[PDB]
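Engineer: Give me coordinates for this.
(chains A, B and C)
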Amino acid sequence: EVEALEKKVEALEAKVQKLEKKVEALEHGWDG
Amino acid sequence: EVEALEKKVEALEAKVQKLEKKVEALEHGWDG
Amino acid sequence: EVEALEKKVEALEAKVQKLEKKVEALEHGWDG
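Structural biologist: Residues are numbered from 1 along each chain as shown, chains lettered A, B, ... in the order given. Below, you will see the structure:
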């Protein structure tokens, strides 16, 4: 069950990184 | 402690899904 | 390995909270 949790956590990590990139773009006016 | 971690992870999953929906809306001009 | 997972989860929690704050700002027109 530990390994399954790590995989969920890793999936959230990638989701969160992609969210951070989009939000920083929206907030700074990146890429227009 | 494993079960408590899963509940935290699940809470983040719902937070992250709601974040993804809002950010996709902001970025595509959904709902005006 | 349990403790290392909790630290990752906690890091995501702080990331997610900061994302929620920025997204709520973008969506309500906070701070201009």
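Engineer: contacts and neighbour counts: CA atoms only from here.
Structural biologist: Noted.
Engineer: Chain A against chain B: which residues are in contact?
Structural biologist: A:1-2, A:5, A:8-9, A:12, A:15-16, A:19, A:22-23, A:26 (C-alpha under 8 Å from any C-alpha of the partner chain).
Engineer: Buried subset of those, written for PyMOL?
Structural biologist: To isolate the buried members of the residues of chain A next to chain B in PyMOL, using 16 or more other C-alpha atoms under 10 Å in any protein chain shown:
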select buried, chain A and resi 5+9+12+15+16+19+22+23+26
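Engineer: Tell me which of the residues of chain A next to chain B fall in helices.
Structural biologist: Under the assignment DSSP state H, the residues of chain A next to chain B contribute A:2, A:5, A:8-9, A:12, A:15-16, A:19, A:22-23, A:26 to helices.
Engineer: and chain A, which of its residues are near chain C?
Structural biologist: Residues of chain A lying near chain C by C-alpha under 8 Å from any C-alpha: A:2, A:6, A:9, A:12-13, A:16, A:19-20, A:23, A:27.
Engineer: of all those, which comes closest to residue C:31?
Structural biologist: For these, the residue nearest residue C:31 by C-alpha to C-alpha is residue A:27; the value is 11.5 Å.
Engineer: Could you check how far the closest one is from residue C:3?
Structural biologist: 34 Å (C-alpha to C-alpha, to the nearest Å).
Engineer: Right, I'll leave it there.
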